[PDB]
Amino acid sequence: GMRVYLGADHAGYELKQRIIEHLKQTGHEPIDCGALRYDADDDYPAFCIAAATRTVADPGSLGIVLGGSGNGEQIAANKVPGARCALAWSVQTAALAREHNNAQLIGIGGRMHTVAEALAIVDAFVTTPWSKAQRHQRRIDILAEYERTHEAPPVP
């Protein structure tokens, strides 16, 4: 059972609703960060920042941000200190996001998949373990040190 913070603008709103329901039915704990209603003009960043911020502050939790393509949404989430947000467009990329990147969040594009395909991506994301392999942690640590100082690490 995993706690999952969800965020979405209008383009991901309907898919967010379905994911919340799906996560409840599969034994997880969805927390809705908004949008709470459909508003065709609303702006994704605030919802994605909210989901990623809450995810980072609640270790062990995951997050999912939803939009049209998911790309604006993952970009926004990645601006949050300590957040790692992959774009999941397949079961394989969702699983690898966890296994290799230890991503706490994924973005999904609601306009890119059927509901069936989106829920399978979610399933892979919420069940795949972080591998803890040395090279993966080393790379996470390098990026984290860059995030701390914004001093670009030298290339070999």
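For every residue, the number given is its place in the sequence shown, counted from 1.
Trainee: Which wins on mean Cα temperature factor, 29-37 or 50-58?
Mentor: Comparing averages over the C-alpha atoms only gives 29-37.
Trainee: Taking the recorded C-alpha temperature factors, which stretch has the higher mean, 84-92 or 110-118?
Mentor: Higher mean C-alpha B-factor: 110-118.
Trainee: Report the third (lowest, middle or highest) to which the CA temperature factor of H22 belongs, ranking only the modelled residues of the same chain.
Mentor: Top third by C-alpha B-factor.
Trainee: Would you mind checking where the Cα B-factor of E145 ranks among the modelled residues of its chain, as the lowest, middle or highest third?
Mentor: Tercile = lowest for this residue's CA B-factor.
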